[PDB]
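Enquirer: The listed protein sequences correspond, in order, to chains F, B, E, A, H, D, K, L, G and C.
Each residue of the first sequence is one higher than the one before, counting from 20 in the entry's author numbering.
Each residue of the second sequence is one higher than the one before, counting from 20 in the entry's author numbering.
Each residue of the third sequence is one higher than the one before, counting from 38 in the entry's author numbering.
Each residue of the fourth sequence is one higher than the one before, counting from 38 in the entry's author numbering.
Each residue of the fifth sequence is one higher than the one before, counting from 26 in the entry's author numbering.
Each residue of the sixth sequence is one higher than the one before, counting from 26 in the entry's author numbering.
Each residue of the seventh sequence is one higher than the one before, counting from 577 in the entry's author numbering.
Each residue of the eighth sequence is one higher than the one before, counting from 577 in the entry's author numbering.
Each residue of the ninth sequence is one higher than the one before, counting from 10 in the entry's author numbering.
Each residue of the tenth sequence is one higher than the one before, counting from 10 in the entry's author numbering.
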Amino acid sequence: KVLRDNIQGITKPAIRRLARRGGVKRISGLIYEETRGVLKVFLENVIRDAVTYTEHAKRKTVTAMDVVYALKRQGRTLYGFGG
Amino acid sequence: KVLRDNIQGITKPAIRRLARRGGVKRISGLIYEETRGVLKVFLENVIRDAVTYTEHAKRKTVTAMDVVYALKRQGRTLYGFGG
Amino acid sequence: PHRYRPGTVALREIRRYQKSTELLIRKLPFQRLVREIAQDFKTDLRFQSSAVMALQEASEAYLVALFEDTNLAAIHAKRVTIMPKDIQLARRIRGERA
Amino acid sequence: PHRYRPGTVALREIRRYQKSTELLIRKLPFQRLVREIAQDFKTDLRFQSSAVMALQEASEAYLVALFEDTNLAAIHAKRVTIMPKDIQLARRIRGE
Amino acid sequence: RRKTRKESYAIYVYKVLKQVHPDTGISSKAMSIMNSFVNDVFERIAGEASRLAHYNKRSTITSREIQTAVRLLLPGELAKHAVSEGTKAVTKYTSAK
Amino acid sequence: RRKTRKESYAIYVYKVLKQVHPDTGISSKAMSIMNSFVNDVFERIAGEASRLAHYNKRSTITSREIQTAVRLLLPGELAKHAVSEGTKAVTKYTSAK
Amino acid sequence: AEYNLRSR
Amino acid sequence: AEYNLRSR
Amino acid sequence: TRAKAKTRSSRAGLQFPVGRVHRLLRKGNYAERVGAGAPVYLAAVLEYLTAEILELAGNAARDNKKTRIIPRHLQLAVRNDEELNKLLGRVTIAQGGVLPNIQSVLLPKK
Amino acid sequence: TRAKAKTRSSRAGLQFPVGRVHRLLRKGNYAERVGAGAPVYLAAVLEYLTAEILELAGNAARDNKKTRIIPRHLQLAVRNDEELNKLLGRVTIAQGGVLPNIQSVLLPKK
DNA sequence: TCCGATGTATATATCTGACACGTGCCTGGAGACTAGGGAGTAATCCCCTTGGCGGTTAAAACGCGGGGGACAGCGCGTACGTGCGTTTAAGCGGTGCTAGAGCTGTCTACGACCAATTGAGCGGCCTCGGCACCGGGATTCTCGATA
DNA sequence: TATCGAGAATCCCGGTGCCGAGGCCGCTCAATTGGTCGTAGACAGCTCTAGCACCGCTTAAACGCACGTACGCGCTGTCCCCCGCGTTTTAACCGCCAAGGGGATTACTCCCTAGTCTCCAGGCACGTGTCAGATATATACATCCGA
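1. Could you have a look at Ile78/C and say whether DSSP puts it in helix, strand or coil?
2. Can you give me the C-alpha to C-alpha distance between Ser57/H and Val21/B, rounded to a whole angstrom?
3. Using beta carbons (cut-off 8 Å, strictly below), is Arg83/E in contact with chain F?
4. Quick test of the definition: if touching needs 3 or more C-beta pairs under 8 Å, does the segment 26–36 of chain C touch the segment 83–95 of chain H?
5. Quick check on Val43/B: does DSSP put it in helix, strand or coil?
6. Entirely within the segment 39–100 of chain A and at least 4 residues each: give me those alpha helix (DSSP H) ranges in chain order.
7. With a cut-off of 8 Å, does the C-beta of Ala60/C fall near any C-beta of chain L?
8. Using the C-alpha atoms, what's the distance from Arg69/E back to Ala88/E?
9. How would you label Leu55/G, buried or exposed, when you count the other beta carbons within 10 angstroms and need 16 or more for buried?
10. Which class does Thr16/C belong to by DSSP, given the choice of helix, strand or coil?
11. Look at the alpha carbon of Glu61/C and the alpha carbon of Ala121/D, and state the distance between them as a whole number of angstroms.
12. Can you find a C-beta in chain C that's less than 8 Å from the C-beta of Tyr50/G?
13. Alpha carbon to alpha carbon, how far is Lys40/D from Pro80/C? Give it in angstroms, no decimals.
14. Let me check understanding here. Comparing Cα to Cα, which of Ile66/B, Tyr51/B, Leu37/B and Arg35/B lies closest to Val87/B?
15. Of all the CB atoms in chain A, is at least one closer than 8 Å to the CB of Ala76/B?
16. Could you work out which residue in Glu73/E, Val101/E, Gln85/E and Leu92/E is closest to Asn25/F when comparing CA atoms only?
17. Flag this pair as touching only if the segment 67–80 of chain C and the segment 48–55 of chain D have three or more C-beta atom pairs under 8 Å; answer yes or no.
18. Identify every residue that forms a DSSP beta bridge with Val41/D.
19. Relative to the alpha-carbon of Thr107/A, which residue among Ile50/B, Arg95/B and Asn64/B has its alpha-carbon at the smallest distance?
20. Along chain E, which residues have their Cβ under 7 Å away from the Cβ of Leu100/A?
21. Can you list the residues of chain L that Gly22/C reaches, using a CB-CB cut of under 8 Å?
22. Within 10 angstroms of its Cβ, does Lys77/B collect 16 or more other Cβ (buried), or is it exposed?
23. Please classify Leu97/B: does DSSP put it in a helix, a strand, or coil?
24. If the cut-off is 9 Å on Cβ atoms, which residues from the segment 39–65 of chain E count as contacting chain C, listed in chain order?
25. List, in order along the chain, the chain D residues whose C-beta lies closer than 9 Å to that of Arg92/B?
26. Given this structure, state the Cα-to-Cα distance separating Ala103/C from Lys54/D, to the nearest angstrom.
27. Name the chain H residues whose beta carbon is nearer than 8 Å to that of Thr71/F?
28. Under 8 Å, with one C-beta from each stretch per pair, do the segment 115–125 of chain E and the segment 27–37 of chain B reach the 3-pair mark?
29. Taking just the CA atoms, how far does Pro48/C sit from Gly46/G?
30. For the alpha helix (DSSP H) that contains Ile26/B, what are its first and last residues?
31. Go to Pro109/G, then tell me how far its alpha helix (DSSP H) extends in each direction, as first and last residue.
32. Whole alpha helix (DSSP H) runs in the segment 67–93 of chain D with 4 or more residues, listed along the chain?
33. In the structure shown, what three-state DSSP assignment does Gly111/H receive?
34. Tell me whether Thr119/D sits in a helix, a strand or coil according to DSSP, three-state version.
35. For the alpha helix (DSSP H) that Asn64/F lies in, which residues bound it at each end?
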C-alpha cells in the first residue's frame, strides 16, 4: 500500500545537473545527502499547506491551484499553473 | 533650516557597539563605511514609503504609524509603536 | 587516448544547463517522492498531473537558486568545491535554518 | 601597567551589549540622518518623536541582525575578523 | 473637552496575565507590544480566512475558515493547541444558546 | 454540454502584444504566465489600495489610493511610467464620460 | 477551566 | 495608441 | 421585557472580546458575511496566543528577579521558543535586545 | 431613444477591460465602495506593465531568432531588467530556466 | 598555582514616577425580531486520474586512473585592540512659539443599487505556419605534443 | 612561450513533419444606459497638542594617538577525493488500453446572517495613591594575566 524511500530516486546526476544550472563547477560527495534532506524539508512544507487547502475545499485531489496557493503563502509565487 | 553629511554621526564606536550586540569580536577598519552605506540604503527605503503614507494622508508630519506601515510592507513588522 | 582536464566538462555542463529550460529531475521518481510526502498528511490523496509539475517546477527553482547561494559561500571560503557547510551557511543567512 | 589581551575586552563588550536593550546609536545624530534622508522625498517634513524612535529601533535591529550574518560569513572563511566582503555575502544571500 | 476613545486589547491582555501569573505586572511598553501582537495575528488569520473563502467561491468567513487559517499560519504545536482552544470555545458558545 | 466560461486576460495580453510587436506571437504557456502576472499585480495593487483606504478611515478605493499603491509597489522608473499611464487614462476617461 | 498551554 | 515605455 | 444581556465572550468562556472581534471581522473587508462562530474561534485563538507569550514572559521576568513584564521579557520569551520564534521571525520587538550568543570559535582557548 | 453602448475601456483609451477590473474591485472585498476612476487607473497600470514585459520578451524572442514568445523569453526579459527583477524577485516563471552566469574564479586561467 | 589589578555580582537604603486602581458616562454590544439568499444537500454527467503492459534506449550506476584542489603547517608584517589624555557635542531641563493634527458641523456630488438592453468575450472548430527534429557538413575550442 | 593538428565539440544549414496558435463563428451573460436615493467625504472653521527652536550646563562619549601582538594571508607541500569516461545495468519514458473515483455541475429548500430598533453595562478617559525598581554607595567575590 504505502510508498517508502523515494528521496534516493533524486539521483546524484540529477543533483549534479541542478548544481550545474546553479553555476557549480565542483561538488563534494557529501552534497547529495545534504541536498536530499533540504528537498524533503522544502516539499514537506509546500505539500502540508497544499493538502490543507485540499482538505478545506473538501476535495480528495490536490489541484495545481492548491500547490500555487501553498507556494504563494510561503512567499514563493509560481506563474504558469493558474492564479 | 537644512542638513548635510549626517551619516558621519553614525560613529565608529556606535557601529562597534552594534557589531558587539551582533556577537562580533574583531572588526576591519573598512567595515564602518560599508555599514554607513548599508544603513543609508535601509533608511532611504523605509523613509520613502513612510513619506508616501504621510503624503497620502495629506499630512506634513511623519507619524509613528507611517513608519510602522512602511516597515510592515517591507516585511520588517515593528511592535511597540502602535499598529 | 583523448581526455578533457578536470572541470572542462563541468564548465561545458554549466553552459548546457544554463541555456536549457527543461526539468532536470526524472519525473516519475519525483512524483513518487511527492506521493510519499503527501501520505503523511492524509492517505488516499489524488494529484492533478499539473499539481505534480507545479511542485517539480517550484522544487527545482528552489534547489537551483540555493546552489547559486551555496556556490557564493564556497567561493567566499576560497574554494571552488561546494560542501555541506556552504549549503548550511546559505540556508542560515536566508533565515531558513535556525 | 595592567593590560587585558587583544579580544578580552571585545568579549566583555559582547557580553555587556547582548545583556542590555538600550539604543546603541546616539539619538540626536540619528535624528539628523533621518531628517537629511527625508528632505529628498519632501521638503519641510515634521516627525513625531515616536516616528524617529521607531526608525531607530528598526535600523538598529536590522544592523545587529546583519552583523550576526556577517560574523557567520567571516567564520565560514576561517576568520574571526569581519570585513566588507562578509557584509556583501550576507546581503547577497539574503537577496537584499 | 476629553480626548477621543482609542480602542485597545490592553484590559483583556491584563485579564489573561492575571490568570497565567496573578502576582506579575506589565509595563505600558510591553502592553503596547502585546496590543501590536494581537492586532498582527488577528490581521494574519482574518486575511488567510478571507483568501480561503474567496478561493472556494464562498461569501462567508466561518469557524471552518478560521480553523484552516490557524492551521496554515501557526507552526507545530501552537496550531494544535490554538485549534483545541478555538473548538472548545465554539462548543461552549453553541451549548450556551 | 459546453464548459462553463473561465475568464482570463489572454485576449487583452494578445491585443497589447499586437501593438508592441505586431509580427510576434506567444505560446499558451507564456500566455498562462502573463495571465498569472496580471492577476498577481492586480491583487498587490488592490490589496495595498485597500490598506491605504483603511489606514485613512475611508470607505472608498479611488484613483488616489491606486496611485499611492503603485508608488509603494513598483520599483524606480516602473512607478513613474505606470503613474503617467494611469493619470493619462483617467483624464481621457473623464473627458469622454 | 484553565488554558491548555504547551508548558502545562 | 503609443505606450510611454522606459525604452522610448 | 427583554432578558438581562450577557457577553458572547462569557457564553464562550473567554476573556477576549467576541463582540469587538465580530465587529472587526464585519468592518475589516475580509468577506461579504461573517459566521456567528467565527469571532468566538478567533477570539479564543488570540487569547490562547496571548496566554502562551505572557506565560513565558512572566517566567522570564521571574528568572530576571523582576515582578513586571518589560519588552526584554517578551523578546526572551519569543526567541527562546522555536515556535513563537517561527511565528514572529519577521517581527522586531522595540527595546527587546537580542539573545546572549557568542560563536564558539571566538571564545578564548583554555 | 437609449444611446449605443461604448466600453469604459475605449472611453479611457485602453485595451485592458475597465468593466471587468471594476467588477473585480467591487467583488474582491477591497473596500465598501469603489470610485469610478479606480478601475480606469488600475486597468491602465496592468496594460502598461503587460506592455513592458512583452516588449522585452518580444525582443528576447527576436534575439533568439524565434517569432513566438515562450516562458524562456519572459524569464530573460524579467531577469535582465533590474526593475522587473525587483518587482518579480519572489516569483518563479515555470519553464523559464536561469540567466547564463558563471562565477569568474571558476573560468580557466589565460 | 598565585598574586595584583580589575571587573561583576550582590546588598542596602532613597526616592520618584509608572502602574494599578476607582469613578462616571456614553457609545457600541446585546436582545428581539424580520426578510431573503447563501450554501447544504441530493442527483447526475463525464473528466481525468490511476493502474497496468511492452518496447526502446536515455540515463543511472559502477569502476578505474590521475591531477588538481582541499587543507594543514609555517613565516612574517601589518592592521587591529587596548588604554590613555584631550576634545566634542549629546543629553538634560527648561522656556516658549505656532504649525498643523484632530475634531465638529454642513452640504452635495458621487457611488450603490435597480431594470432593461445588447455586443464583448467565451467555448468550440479547424487549418496551415513556426518550431522540433533529422542528419549531415562547416567550423571552432581543447589539450598533448612540437619547437 | 607560443604554434601543430587529432580529436570531440558546438554551430549551422536544408528538408520533413506535425500539432499548437490564432483566426472564424454563434450563443449568453455581464457590461453598459439611464435613472433614483442616500451618505461618504470635501470643505470650512475652531481647539489645543506636540513638534520645532533655542540656552546653558554637565559630563558621557568621541576622538586621536602609541604600542605591540595576534591575526590575516601568501606560500608550499602532501594526498585524497573528485572529475572524466568507458562499460554495464536500470528503469524512465512513451504510446496505448481501460476502469471508475470524484470534480463539477444543476436544482431545490431552509436556516443562517444582515439589517433594524431599542436599550443598558462594558470599556474608555480621567484623576489618584503607593510600591517596583532605577539609582548611589559599598564591597564581597571571580576573572584575567604577568610571573
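The beta carbon of each residue, even a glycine, is placed where N, CA and C say it ideally should be.
Expert: Looking at the atomic coordinates:
1. Within the tenth sequence, residue 78/C is the residue found at index 69, counting from 1. Note: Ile78/C maps to strand in three-state DSSP.
2. The residue you call residue 57/H lines up with position 32 of the fifth sequence. The residue you call residue 21/B lines up with position 2 of the second sequence. For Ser57/H and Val21/B, the gap between their C-alpha atoms comes out near 34 Å.
3. If you number the third sequence from 1, residue 83/E lands on position 46. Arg83/E counts as touching chain F.
4. Here the segment 26–36 of chain C makes no contact with the segment 83–95 of chain H; the two share fewer than three CB pairs at distances below 8 Å.
5. Taking the second sequence and counting its residues from 1, the one referred to as residue 43/B is at position 24. The three-state reading of DSSP puts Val43/B in coil, since its state is none of H, G, I, E or B.
6. Qualifying alpha helix (DSSP H) stretches, in chain order: 45–56 and 64–76.
7. Within the tenth sequence, the letter at position 51 stands for residue 60/C. Judged by the 8 Å Cβ criterion, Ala60/C is in contact with chain L.
8. Locating residue 88/E in the third sequence gives position 51, counting from the first residue. Locating residue 69/E in the third sequence gives position 32, counting from the first residue. In this structure, the CA atom of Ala88/E is about 13 Å from the CA atom of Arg69/E.
9. Numbered from its first residue, the ninth sequence carries residue 55/G at position 46. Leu55/G counts as buried, since no fewer than 16 other beta carbons sit within 10 angstroms of its beta carbon.
10. By one-based count along the tenth sequence, residue 16/C stands at place 7. It is coil, neither helix nor strand.
11. For this step, residue 61/C is matched to residue 52 along the tenth sequence. For this step, residue 121/D is matched to residue 96 along the sixth sequence. Approximately 27 Å between the Cα atoms of the pair.
12. Taking the first residue of the ninth sequence as position 1, residue 50/G is located at position 41. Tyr50/G does not count as touching chain C.
13. Taking the first residue of the tenth sequence as 1, we reach residue 80/C at position 71. Taking the first residue of the sixth sequence as 1, we reach residue 40/D at position 15. Taking the straight line joining both Cα atoms gives about 19 Å.
14. What you label residue 87/B is simply residue 68 of the second sequence in a count that begins at 1. Each of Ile66/B, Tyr51/B, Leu37/B and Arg35/B was checked against the Cα of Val87/B, and the nearest Cα belongs to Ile66/B.
15. Mapped onto the second sequence, residue 76/B falls at position 57. Chain A contact via Cβ: absent.
16. For the purposes of this step, residue 25/F is taken as the residue at position 6 of the first sequence. Of the candidates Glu73/E, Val101/E, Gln85/E and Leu92/E, the one whose C-alpha sits nearest the C-alpha of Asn25/F is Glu73/E.
17. Result yes; three or more Cβ-Cβ pairs closer than 8 Å.
18. One-based indexing of the sixth sequence puts residue 41/D at position 16. According to DSSP, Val41/D bridges with nothing at all.
19. Looking up residue 107/A in the fourth sequence gives position 70. Nearest C-alpha to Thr107/A: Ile50/B.
20. Taking the fourth sequence and counting its residues from 1, the one referred to as residue 100/A is at position 63. Within chain E, no residue comes near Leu100/A; the closest Cβ sits about 15 Å away, beyond 7 Å.
21. By 1-based counting over the tenth sequence, the position of residue 22/C is 13. Contact of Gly22/C with chain L by beta-carbon distance below 8 Å involves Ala577.
22. Locating residue 77/B in the second sequence gives position 58, where the first residue counts as 1. Of the residues assessed, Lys77/B falls on the exposed side of the cut-off, its CB having fewer than 16 other CB atoms within 10 angstroms.
23. Taking the second sequence and counting its residues from 1, the one referred to as residue 97/B is at position 78. DSSP, reduced to helix, strand and coil, places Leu97/B within a strand of the structure shown.
24. Those would be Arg42, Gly44, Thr45, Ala47, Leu48, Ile51, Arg52, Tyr54, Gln55, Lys56, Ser57, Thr58, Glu59 and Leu60, in chain order.
25. Residue numbering aside, residue 92/B sits at position 73 when the second sequence is read from its first letter. In chain order: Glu73, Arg76, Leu97 and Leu98.
26. The residue labelled residue 103/C in the question sits at position 94 within the tenth sequence. The residue labelled residue 54/D in the question sits at position 29 within the sixth sequence. One C-alpha to the other measures close to 8 Å.
27. Here residue 71/F is taken as the residue at index 52 of the first sequence, counted from 1. Counting only Cβ-Cβ distances below 8 Å, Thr71/F has contacts in chain H at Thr93, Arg96 and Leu97, in chain order.
28. Result no; under three Cβ-Cβ pairs closer than 8 Å.
29. Mapped onto the ninth sequence, residue 46/G falls at position 37. Mapped onto the tenth sequence, residue 48/C falls at position 39. Each residue's alpha carbon lies about 35 Å from the other.
30. Here residue 26/B refers to the residue found at position 7 of the second sequence. Segment: none, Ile26/B is in no alpha helix (DSSP H) and carries neither H nor E.
31. Start at 1 with the first residue of the ninth sequence, and residue 109/G comes out as number 100. Under the DSSP assignment, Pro109/G falls outside any alpha helix (DSSP H); it carries neither an H nor an E label.
32. The segment 67–93 of chain D contains no whole alpha helix (DSSP H) run of 4 or more residues.
33. Here the question's residue 111/H lines up with position 86 in the fifth sequence. Here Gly111/H sits in helix by DSSP.
34. Residue 119/D sits at position 94 when you count from the first residue of the sixth sequence. If DSSP states are grouped into helix, strand and coil, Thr119/D belongs with the helices.
35. For the purposes of this step, residue 64/F is taken as residue 45 along the first sequence, with counting starting at 1. Looking at the DSSP string, the run of the alpha helix (DSSP H) that includes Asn64/F is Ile50 to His75.
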